[PDB]
$ cat run13.txt   # compact mmCIF, C-alpha atoms
# COMPACT_ATOMS: atom_id res chain seq x y z
CA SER I 1 5.17 1.95 -9.42
CA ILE I 2 3.76 1.04 -5.97
CA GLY I 3 -0.05 0.79 -6.02
CA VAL I 4 -1.58 2.74 -3.11
CA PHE I 5 -5.00 1.37 -2.10
CA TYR I 6 -7.07 4.18 -0.51
CA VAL I 7 -10.60 5.61 -0.14
CA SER I 8 -11.43 8.99 -1.78
CA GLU I 9 -14.59 9.33 0.38
CA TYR I 10 -14.16 7.73 3.83
CA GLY I 11 -11.75 9.48 6.24
CA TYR I 12 -8.47 11.17 5.18
CA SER I 13 -7.41 8.05 3.19
CA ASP I 14 -7.26 10.00 -0.11
CA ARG I 15 -5.19 12.83 1.43
CA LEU I 16 -2.87 10.22 3.00
CA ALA I 17 -2.47 8.66 -0.46
CA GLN I 18 -1.67 12.15 -1.83
CA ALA I 19 1.16 12.47 0.73
CA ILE I 20 2.56 9.11 -0.49
CA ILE I 21 2.22 9.64 -4.27
CA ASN I 22 3.34 13.30 -4.27
CA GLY I 23 6.24 12.62 -1.88
CA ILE I 24 7.59 9.91 -4.21
CA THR I 25 6.76 11.72 -7.51
CA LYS I 26 8.45 14.89 -6.20
CA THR I 27 11.54 12.70 -5.67
CA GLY I 28 11.07 11.29 -9.19
CA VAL I 29 9.48 7.81 -9.48
CA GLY I 30 5.68 7.63 -10.01
CA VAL I 31 3.04 5.98 -7.77
CA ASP I 32 -0.13 4.10 -8.84
CA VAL I 33 -3.59 4.87 -7.37
CA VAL I 34 -6.42 2.42 -6.50
CA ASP I 35 -9.61 3.14 -4.48
CA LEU I 36 -10.16 0.05 -2.25
CA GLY I 37 -13.32 1.63 -0.83
CA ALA I 38 -14.87 3.10 -4.00
CA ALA I 39 -13.58 2.32 -7.54
CA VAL I 40 -13.12 -1.43 -6.84
CA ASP I 41 -13.53 -2.82 -10.38
CA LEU I 42 -11.74 -5.04 -12.96
CA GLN I 43 -9.91 -1.92 -14.25
CA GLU I 44 -8.08 -1.64 -10.89
CA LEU I 45 -7.19 -5.37 -10.89
CA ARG I 46 -5.90 -5.03 -14.48
CA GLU I 47 -3.40 -2.36 -13.37
CA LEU I 48 -2.50 -4.47 -10.31
CA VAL I 49 -1.29 -7.18 -12.75
CA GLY I 50 1.31 -4.96 -14.45
CA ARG I 51 2.16 -2.85 -11.36
CA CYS I 52 2.20 -5.99 -9.11
CA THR I 53 5.83 -5.14 -8.14
CA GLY I 54 4.51 -3.07 -5.20
CA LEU I 55 1.30 -2.50 -3.17
CA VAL I 56 0.22 -0.21 -0.28
CA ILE I 57 -2.73 -0.91 2.08
CA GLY I 58 -4.07 1.36 4.84
CA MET I 59 -6.85 0.51 7.32
CA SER I 60 -9.60 -2.12 6.79
CA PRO I 61 -13.08 -0.54 7.43
CA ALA I 62 -16.05 -2.96 7.73
CA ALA I 63 -18.06 -1.02 5.10
CA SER I 64 -15.19 -1.40 2.57
CA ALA I 65 -14.34 -4.99 3.62
CA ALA I 66 -17.64 -6.12 2.05
CA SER I 67 -16.54 -4.69 -1.35
CA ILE I 68 -13.05 -6.27 -1.08
CA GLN I 69 -14.29 -9.90 -0.71
CA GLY I 70 -14.53 -10.48 -4.49
CA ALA I 71 -11.44 -8.57 -5.70
CA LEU I 72 -9.34 -10.18 -2.91
CA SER I 73 -9.71 -13.57 -4.66
CA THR I 74 -8.35 -12.16 -7.95
CA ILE I 75 -5.49 -10.46 -6.04
CA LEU I 76 -4.36 -13.81 -4.52
CA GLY I 77 -3.93 -15.06 -8.10
CA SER I 78 -1.96 -12.03 -9.36
CA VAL I 79 0.47 -11.25 -6.48
CA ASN I 80 3.24 -13.77 -5.69
CA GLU I 81 6.96 -14.25 -4.91
CA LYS I 82 7.98 -11.54 -2.34
CA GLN I 83 6.71 -8.14 -3.58
CA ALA I 84 6.12 -5.06 -1.37
CA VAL I 85 3.00 -4.44 0.76
CA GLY I 86 2.96 -1.05 2.51
CA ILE I 87 0.66 -1.82 5.46
CA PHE I 88 0.27 1.37 7.56
CA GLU I 89 -1.81 1.91 10.73
CA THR I 90 -4.14 4.96 10.68
CA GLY I 91 -7.39 4.03 12.46
CA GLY I 92 -8.06 1.89 15.55
CA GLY I 93 -11.16 0.07 14.28
CA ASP I 94 -10.83 -2.96 11.99
CA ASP I 95 -13.05 -5.92 11.08
CA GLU I 96 -12.33 -9.45 12.41
CA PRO I 97 -11.79 -11.16 8.93
CA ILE I 98 -8.61 -9.00 8.60
CA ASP I 99 -6.53 -11.35 10.83
CA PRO I 100 -7.01 -14.44 8.51
CA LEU I 101 -5.66 -12.22 5.68
CA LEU I 102 -2.81 -10.90 7.88
CA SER I 103 -1.88 -14.56 8.50
CA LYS I 104 -1.36 -14.79 4.72
CA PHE I 105 1.07 -11.82 4.64
CA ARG I 106 2.76 -13.36 7.71
CA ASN I 107 3.14 -16.93 6.35
CA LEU I 108 3.87 -16.04 2.68
CA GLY I 109 6.39 -13.50 4.01
CA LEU I 110 5.72 -10.40 1.88
CA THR I 111 7.81 -7.19 2.16
CA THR I 112 5.90 -5.28 4.89
CA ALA I 113 6.47 -1.65 6.01
CA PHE I 114 6.58 0.11 9.43
CA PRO I 115 3.87 -1.59 11.61
CA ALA I 116 2.20 0.76 14.13
CA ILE I 117 -0.49 -0.24 16.68
CA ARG I 118 -3.96 1.42 16.78
CA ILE I 119 -3.90 5.18 16.04
CA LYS I 120 -7.17 6.06 17.86
CA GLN I 121 -9.51 6.14 14.81
CA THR I 122 -9.15 9.56 13.12
CA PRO I 123 -5.95 9.99 10.98
CA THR I 124 -3.86 12.95 12.27
CA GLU I 125 -1.02 15.11 10.87
CA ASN I 126 1.34 12.47 12.34
CA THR I 127 -0.33 9.89 10.06
CA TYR I 128 0.63 11.96 6.97
CA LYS I 129 4.24 12.22 8.24
CA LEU I 130 4.33 8.40 8.61
CA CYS I 131 2.55 7.75 5.26
CA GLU I 132 4.95 9.91 3.20
CA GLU I 133 8.16 8.78 4.98
CA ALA I 134 7.30 5.03 5.19
CA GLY I 135 5.87 5.05 1.65
CA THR I 136 8.98 6.68 0.15
CA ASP I 137 11.20 4.37 2.23
CA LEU I 138 9.34 1.33 0.82
CA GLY I 139 9.75 2.78 -2.68
CA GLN I 140 13.51 3.04 -2.02
CA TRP I 141 13.50 -0.77 -1.62
CA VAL I 142 11.58 -1.38 -4.87
CA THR I 143 13.77 1.02 -6.93
CA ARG I 144 17.17 -0.44 -5.87
CA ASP I 145 15.89 -4.03 -6.16
CA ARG I 146 14.15 -3.64 -9.55
CA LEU I 147 16.99 -1.46 -10.95
CA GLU I 148 19.17 -4.61 -10.66
CA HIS I 149 21.58 -2.69 -8.36
CA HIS I 150 24.59 -2.47 -10.77
CA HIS I 151 22.37 -2.04 -13.88
CA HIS I 152 23.09 1.73 -13.69
CA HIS I 153 26.72 2.93 -13.46
CA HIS I 154 27.46 5.89 -11.14
$ encode --input "run13.txt" --output "C-alpha cells"
Amino acid sequence: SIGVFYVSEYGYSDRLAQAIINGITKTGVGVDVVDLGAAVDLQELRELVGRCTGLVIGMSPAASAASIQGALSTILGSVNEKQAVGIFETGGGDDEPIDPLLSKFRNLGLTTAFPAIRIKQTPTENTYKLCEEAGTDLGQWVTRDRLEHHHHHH
C-alpha cells in the first residue's frame, strides 16, 4: 500500500524511501517500492495498477525526467478519481516540464501531502524526519478511507 517512487542511485532518495516504508511497516501496514530513476519498466507500472490506491513522488531530476516521459503516459491511464500522491520537497533543482505535470495534480485535485519549498539541493536529516512523518500521515488517510471507517468494530 502506497507506492514510493525513488532512486536507489542518485542522492539519498533510496534512504528517504527506507524511512517512509520502514516507518509505516514498523507501525503495521506495508509500503510498495518503485525506482523512478532506475528500474522504470512495465513491471513497475503493473504494480501501480493494483496498488493505484496511493503514490509517493520526491524530486524531479532532469536525468530521470527523460526516463519518465514514456511511463508517465501509462500512469495517466491507470491513476484516476482522487487517490493519494505524496509529493515531498528534498532538492532545490527541478526541470521545467514538471510544472505542466503539477498543473495536472492541481486541476484534477489529487490528495497531496505537506508541500515544502526548495530544500537547497542535498537531502538532510530533516528531510528524513519529514519523509517518515508526512509519509505515515498520508498512509493514515489511506487506511481509514479504504477500511470503510466503520468496517472494523472497536
$ atom_distance --input "run13.txt" --atom1 "atom CA of residue I:65" --atom2 "atom CA of residue I:115"
20.2 Å
$ closest_residue --input "run13.txt" --among "I:79, I:39, I:29, I:57" --to "residue I:17" --atoms "all atoms listed in the file"
I:57
$ closest_residue --input "run13.txt" --among "I:69, I:127, I:1, I:121" --to "residue I:54" --atoms "all atoms listed in the file"
I:1
$ atom_distance --input "run13.txt" --atom1 "atom CA of residue I:62" --atom2 "atom CA of residue I:96"
8.8 Å
$ closest_residue --input "run13.txt" --among "I:25, I:118, I:129, I:101" --to "residue I:73" --atoms "all atoms listed in the file"
I:101
$ closest_residue --input "run13.txt" --among "I:34, I:138, I:63, I:130" --to "residue I:94" --atoms "only C-alpha atoms"
I:63
$ residues_around --input "run13.txt" --residues "residue I:47" --least-positions-apart "2" --cutoff "10 Å" --atoms "only C-alpha atoms" --output "PDB file with C-alpha atoms, in the coordinates of the input"
ATOM      1  CA  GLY I   3      -0.050   0.790  -6.020  1.00  0.00           C
ATOM      2  CA  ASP I  32      -0.130   4.100  -8.840  1.00  0.00           C
ATOM      3  CA  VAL I  33      -3.590   4.870  -7.370  1.00  0.00           C
ATOM      4  CA  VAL I  34      -6.420   2.420  -6.500  1.00  0.00           C
ATOM      5  CA  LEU I  42     -11.740  -5.040 -12.960  1.00  0.00           C
ATOM      6  CA  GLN I  43      -9.910  -1.920 -14.250  1.00  0.00           C
ATOM      7  CA  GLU I  44      -8.080  -1.640 -10.890  1.00  0.00           C
ATOM      8  CA  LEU I  45      -7.190  -5.370 -10.890  1.00  0.00           C
ATOM      9  CA  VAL I  49      -1.290  -7.180 -12.750  1.00  0.00           C
ATOM     10  CA  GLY I  50       1.310  -4.960 -14.450  1.00  0.00           C
ATOM     11  CA  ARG I  51       2.160  -2.850 -11.360  1.00  0.00           C
ATOM     12  CA  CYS I  52       2.200  -5.990  -9.110  1.00  0.00           C
TER      13      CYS I  52
END
$ closest_residue --input "run13.txt" --among "I:119, I:40, I:98, I:113" --to "residue I:137" --atoms "all atoms listed in the file"
I:113
$ build_atoms --input "run13.txt" --residues "stretch 24-48 of chain I" --atoms "N, CA and C atoms" --output "PDB file, in the frame of the given file"
ATOM      1  N   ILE I  24       6.753  10.767  -3.364  1.00  0.00           N
ATOM      2  CA  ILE I  24       7.590   9.910  -4.210  1.00  0.00           C
ATOM      3  C   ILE I  24       7.747  10.477  -5.639  1.00  0.00           C
ATOM      4  N   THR I  25       6.691  11.095  -6.175  1.00  0.00           N
ATOM      5  CA  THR I  25       6.760  11.720  -7.510  1.00  0.00           C
ATOM      6  C   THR I  25       7.658  12.963  -7.491  1.00  0.00           C
ATOM      7  N   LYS I  26       7.567  13.741  -6.412  1.00  0.00           N
ATOM      8  CA  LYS I  26       8.450  14.890  -6.200  1.00  0.00           C
ATOM      9  C   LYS I  26       9.923  14.443  -6.237  1.00  0.00           C
ATOM     10  N   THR I  27      10.211  13.315  -5.591  1.00  0.00           N
ATOM     11  CA  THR I  27      11.540  12.700  -5.670  1.00  0.00           C
ATOM     12  C   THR I  27      11.874  12.267  -7.104  1.00  0.00           C
ATOM     13  N   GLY I  28      10.894  11.669  -7.785  1.00  0.00           N
ATOM     14  CA  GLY I  28      11.070  11.290  -9.190  1.00  0.00           C
ATOM     15  C   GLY I  28      10.944   9.784  -9.431  1.00  0.00           C
ATOM     16  N   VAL I  29       9.738   9.241  -9.247  1.00  0.00           N
ATOM     17  CA  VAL I  29       9.480   7.810  -9.480  1.00  0.00           C
ATOM     18  C   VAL I  29       8.122   7.579 -10.178  1.00  0.00           C
ATOM     19  N   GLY I  30       7.027   7.840  -9.458  1.00  0.00           N
ATOM     20  CA  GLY I  30       5.680   7.630 -10.010  1.00  0.00           C
ATOM     21  C   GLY I  30       4.908   6.532  -9.278  1.00  0.00           C
ATOM     22  N   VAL I  31       3.837   6.919  -8.583  1.00  0.00           N
ATOM     23  CA  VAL I  31       3.040   5.980  -7.770  1.00  0.00           C
ATOM     24  C   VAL I  31       1.661   5.719  -8.395  1.00  0.00           C
ATOM     25  N   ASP I  32       1.169   4.486  -8.268  1.00  0.00           N
ATOM     26  CA  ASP I  32      -0.130   4.100  -8.840  1.00  0.00           C
ATOM     27  C   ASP I  32      -1.256   4.267  -7.803  1.00  0.00           C
ATOM     28  N   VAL I  33      -2.456   4.613  -8.269  1.00  0.00           N
ATOM     29  CA  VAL I  33      -3.590   4.870  -7.370  1.00  0.00           C
ATOM     30  C   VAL I  33      -4.750   3.877  -7.581  1.00  0.00           C
ATOM     31  N   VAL I  34      -5.260   3.328  -6.473  1.00  0.00           N
ATOM     32  CA  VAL I  34      -6.420   2.420  -6.500  1.00  0.00           C
ATOM     33  C   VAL I  34      -7.347   2.669  -5.296  1.00  0.00           C
ATOM     34  N   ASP I  35      -8.631   2.923  -5.559  1.00  0.00           N
ATOM     35  CA  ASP I  35      -9.610   3.140  -4.480  1.00  0.00           C
ATOM     36  C   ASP I  35     -10.199   1.809  -3.968  1.00  0.00           C
ATOM     37  N   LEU I  36      -9.683   1.320  -2.835  1.00  0.00           N
ATOM     38  CA  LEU I  36     -10.160   0.050  -2.250  1.00  0.00           C
ATOM     39  C   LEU I  36     -11.582   0.182  -1.690  1.00  0.00           C
ATOM     40  N   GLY I  37     -12.002   1.411  -1.402  1.00  0.00           N
ATOM     41  CA  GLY I  37     -13.320   1.630  -0.830  1.00  0.00           C
ATOM     42  C   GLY I  37     -14.271   2.401  -1.742  1.00  0.00           C
ATOM     43  N   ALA I  38     -14.023   2.369  -3.051  1.00  0.00           N
ATOM     44  CA  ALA I  38     -14.870   3.100  -4.000  1.00  0.00           C
ATOM     45  C   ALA I  38     -14.821   2.503  -5.421  1.00  0.00           C
ATOM     46  N   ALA I  39     -13.703   2.705  -6.119  1.00  0.00           N
ATOM     47  CA  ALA I  39     -13.580   2.320  -7.540  1.00  0.00           C
ATOM     48  C   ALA I  39     -13.182   0.851  -7.736  1.00  0.00           C
ATOM     49  N   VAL I  40     -13.450   0.000  -6.744  1.00  0.00           N
ATOM     50  CA  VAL I  40     -13.120  -1.430  -6.840  1.00  0.00           C
ATOM     51  C   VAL I  40     -13.789  -2.103  -8.057  1.00  0.00           C
ATOM     52  N   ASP I  41     -13.037  -2.211  -9.148  1.00  0.00           N
ATOM     53  CA  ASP I  41     -13.530  -2.820 -10.380  1.00  0.00           C
ATOM     54  C   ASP I  41     -12.392  -3.545 -11.119  1.00  0.00           C
ATOM     55  N   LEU I  42     -12.733  -4.288 -12.173  1.00  0.00           N
ATOM     56  CA  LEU I  42     -11.740  -5.040 -12.960  1.00  0.00           C
ATOM     57  C   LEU I  42     -10.595  -4.128 -13.430  1.00  0.00           C
ATOM     58  N   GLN I  43     -10.916  -2.879 -13.771  1.00  0.00           N
ATOM     59  CA  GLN I  43      -9.910  -1.920 -14.250  1.00  0.00           C
ATOM     60  C   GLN I  43      -8.763  -1.728 -13.237  1.00  0.00           C
ATOM     61  N   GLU I  44      -9.093  -1.749 -11.949  1.00  0.00           N
ATOM     62  CA  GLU I  44      -8.080  -1.640 -10.890  1.00  0.00           C
ATOM     63  C   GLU I  44      -7.211  -2.913 -10.852  1.00  0.00           C
ATOM     64  N   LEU I  45      -7.871  -4.070 -10.902  1.00  0.00           N
ATOM     65  CA  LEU I  45      -7.190  -5.370 -10.890  1.00  0.00           C
ATOM     66  C   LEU I  45      -6.261  -5.523 -12.105  1.00  0.00           C
ATOM     67  N   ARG I  46      -6.700  -5.001 -13.251  1.00  0.00           N
ATOM     68  CA  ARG I  46      -5.900  -5.030 -14.480  1.00  0.00           C
ATOM     69  C   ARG I  46      -4.565  -4.317 -14.265  1.00  0.00           C
ATOM     70  N   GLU I  47      -4.615  -3.130 -13.659  1.00  0.00           N
ATOM     71  CA  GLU I  47      -3.400  -2.360 -13.370  1.00  0.00           C
ATOM     72  C   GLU I  47      -2.536  -3.086 -12.325  1.00  0.00           C
ATOM     73  N   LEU I  48      -3.193  -3.705 -11.343  1.00  0.00           N
ATOM     74  CA  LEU I  48      -2.500  -4.470 -10.310  1.00  0.00           C
ATOM     75  C   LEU I  48      -1.642  -5.600 -10.912  1.00  0.00           C
TER      76      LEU I  48
END
